[PDB]
Amino acid sequence: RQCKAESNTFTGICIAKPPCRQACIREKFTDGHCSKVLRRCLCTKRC
Amino acid sequence: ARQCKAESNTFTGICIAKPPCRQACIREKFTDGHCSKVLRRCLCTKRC
Ligand SMILES: [Cl-]
């Protein structure tokens, strides 16, 4: 399934998706997106 | 370790107390499950 983990490297509030995604790519995930409410950066990968 | 989270595929209704979410999540072959703190979703957890 699609598994998520908060990014270990992304700092600040998650406004834009692209920075979050880039952080998540750098830590071997497939994507990254901002979370629903708290605007955390979630990295996603098939699991 | 690197905990990964995925919303339960079988848990229905809102998630308040851990045990039923944890049961469904183990039943989906995850390691554990817990209620999310804002949206009260049942999130399954496994090492990823
Ligand atoms: Cl249930």
Side-chain angles (χ1 to χ4, degrees):
Chain A
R1 219 190 303 169
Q2 203 64 39
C3 273
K4 321 209 182 291
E6 189 172 357
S7 157
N8 277 345
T9 65
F10 175 92
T11 60
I13 295 152
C14 196
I15 298 123
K17 191 203 149 88
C20 174
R21 158 180 178 88
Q22 296 162 23
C24 291
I25 297 298
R26 290 182 260 142
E27 31 193 303
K28 56 80 203 176
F29 283 81
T30 300
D31 211 4
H33 61 84
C34 299
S35 73
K36 315 232 186 208
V37 195
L38 307 176
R39 314 195 140 179
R40 323 177 277 140
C41 171
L42 299 182
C43 300
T44 54
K45 91 201 222 189
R46 218 183 106 172
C47 73
Chain B
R2 205 66 194 270
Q3 210 97 314
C4 271
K5 275 143 301 292
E7 192 174 337
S8 165
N9 268 343
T10 72
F11 183 104
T12 200
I14 76 172
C15 200
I16 322 192
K18 169 151 200 160
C21 174
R22 161 169 166 86
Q23 298 217 333
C25 283
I26 302 159
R27 290 315 148 223
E28 296 168 48
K29 292 164 192 133
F30 279 76
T31 301
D32 201 18
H34 59 98
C35 305
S36 69
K37 308 298 187 303
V38 175
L39 303 167
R40 322 193 227 165
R41 309 185 286 133
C42 168
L43 303 183
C44 307
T45 61
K46 66 175 107 195
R47 154 183 255 102
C48 69

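Just so it is clear: chains get the letters A, B, ... in the order the sequence lines come, proteins before strands, and each one is counted from 1. We use all heavy atoms of the structure for the numbers below, so side chains are in, but hydrogens, waters and symmetry mates are not.
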Identify the heavy atoms of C47(A) and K46(B) that sit nearest to each other, and give their distance.
-> O-NZ, 3.8 Å

Can you tell me if NZ on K28(A) sees more than 12 non-hydrogen neighbours from other groups inside 6.0 Å?
-> yes

Go through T45(B), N9(B), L39(B) and name the one with the most non-hydrogen pairs under 4.5 angstrom from chain A.
-> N9(B)

To the nearest 0.5 angstrom, please state how far the CZ atom of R1(A) sits from the CD atom of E7(B).
-> 9.0 Å

Any chance NZ of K18(B) has more than 12 other-residue heavy atoms, nucleotides or ligands included, within less than 6.0 Å?
-> yes

Which answer fits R41(B), side chain, backbone, both or neither, if we ask what part of it has an atom under 4.5 Å from a heavy atom of chain A?
-> side chain

Minimum-distance pair of heavy atoms, taken over all atoms of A5(A) and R2(B) | CB-NE, 4.2 Å

Heavy-atom contact with chain B under 4.5 Å, split by part of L42(A) | neither

